[PDB]
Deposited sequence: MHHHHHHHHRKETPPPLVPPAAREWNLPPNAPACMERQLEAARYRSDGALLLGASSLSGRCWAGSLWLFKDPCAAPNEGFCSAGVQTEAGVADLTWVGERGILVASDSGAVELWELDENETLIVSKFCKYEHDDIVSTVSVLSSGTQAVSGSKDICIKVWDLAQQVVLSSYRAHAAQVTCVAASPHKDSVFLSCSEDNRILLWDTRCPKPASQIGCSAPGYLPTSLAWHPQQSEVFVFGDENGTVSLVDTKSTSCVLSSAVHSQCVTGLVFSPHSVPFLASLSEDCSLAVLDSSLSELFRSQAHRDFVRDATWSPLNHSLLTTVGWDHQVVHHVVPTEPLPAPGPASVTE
């Protein structure tokens, strides 16, 4: 029950991201009921979550948390329902989560956000069809791109190239971006794409899931019918030869290998699976969260 931390945590869990030392970051939204808001949480003890009385820190946000991501080791970048991108930062003591800036630049729900290589800039996608490049230090939008014709479903920064990032939209476009080019967007050659994930060890390789439950390996083609519904996210493991965790609206988590073959299957969740994060300490442990308010700790056989 830390200070300025809400007593009750929202039901719908959307984000779960580990950091270097192993503290777990939780993003929650209230998608029903009287008040539709969100919150941010930090669990230095990952097994204590989602219990609010045994968390390291917490804070309430004005609107929901559509997506979030770490910014270093004390920064939290939030995609708000209010159309704003928010940056929160832990104090030196890491007992309070304070709002660093909250800028209302998008005209609709900000659905996706991703931090670039340098860790000083981030790219966000919104239902207003726009994609914006942010200067986290100056708290301003460096660029605003309207390349898509529909909602921007997912934006994923390049792991090591600070000017490159992916994005997919309901206009059926997968766009590879390189802000070094005069025309920075490039359309990469089905069902609507819904999730993106670069390969951590291969520069020009990424994967993307579609609204029909298929995961595809793409060189800048191999695919497999992994889920029976929309593929919500794709997370590679930190291993030298990484595994691929895919979560979907079918309430299941899958773990695939180099050829997109299934090595593990979890159905512990009773609602949508919203995120997945690999432990930096134990590489075989995989944590998932969902709208069933469950924080499951999977032990993936390697």
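*Asks:* What are the C-alpha gaps when you align the coordinates back onto the deposited sequence?
*Replies:* No C-alpha coordinates exist for 1-26, 216-219, 251-255, 338-350.
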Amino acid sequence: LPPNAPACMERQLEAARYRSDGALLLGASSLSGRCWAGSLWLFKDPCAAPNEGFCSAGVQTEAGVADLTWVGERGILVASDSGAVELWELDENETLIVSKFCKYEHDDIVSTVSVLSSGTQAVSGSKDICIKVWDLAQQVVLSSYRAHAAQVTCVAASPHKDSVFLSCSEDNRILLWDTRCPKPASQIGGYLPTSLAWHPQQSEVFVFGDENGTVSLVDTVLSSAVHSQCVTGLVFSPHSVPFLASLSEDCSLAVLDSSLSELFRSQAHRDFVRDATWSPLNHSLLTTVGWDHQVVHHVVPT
From here on, numbers count along this sequence of modelled residues.
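*Asks:* Tell me which stretch, 207-215 or 114-122, has the higher mean Cα B-factor listed in the entry.
*Replies:* Per the PDB record, 114-122.
*Asks:* So which stretch wins on mean C-alpha B-factor, 29-37 or 44-52?
*Replies:* Between 29-37 and 44-52, it is 44-52.
*Asks:* Whose C-alpha has the highest temperature factor in the PDB entry: 222, 185, 164, 131?
*Replies:* The C-alpha B-factor peaks, among 222, 185, 164, 131, at 222.
*Asks:* Tell me which of 108, 73, 178, 170 tops the list for C-alpha B factor in the record.
*Replies:* Going by the entry's C-alpha B-factors, 73 comes out highest.
*Asks:* Within this chain's modelled residues, let me know which third the CA B factor of residue 271 belongs to: lowest, middle or highest.
*Replies:* Lowest third, going by the recorded CA B-factors of the chain.
*Asks:* Can you work out whether the C-alpha temperature factor of residue 142 puts it in the lowest, middle or highest third of the chain?
*Replies:* For residue 142, the deposited C-alpha B-factor lands in the middle third.
*Asks:* Using only modelled residues of the chain, where does the Cα B factor of residue 228 rank: lowest third, middle third or highest third?
*Replies:* For residue 228, the deposited C-alpha B-factor lands in the middle third.
*Asks:* Splitting the chain's C-alpha B-factors into thirds, which one does residue 148 fall into?
*Replies:* Lowest third - that is where residue 148 ends up once the chain's C-alpha B-factors are sorted.
*Asks:* Going by the CA temperature factor in the PDB record, which third of the chain does residue 57 belong to: lowest, middle or highest?
*Replies:* Top third by C-alpha B-factor.
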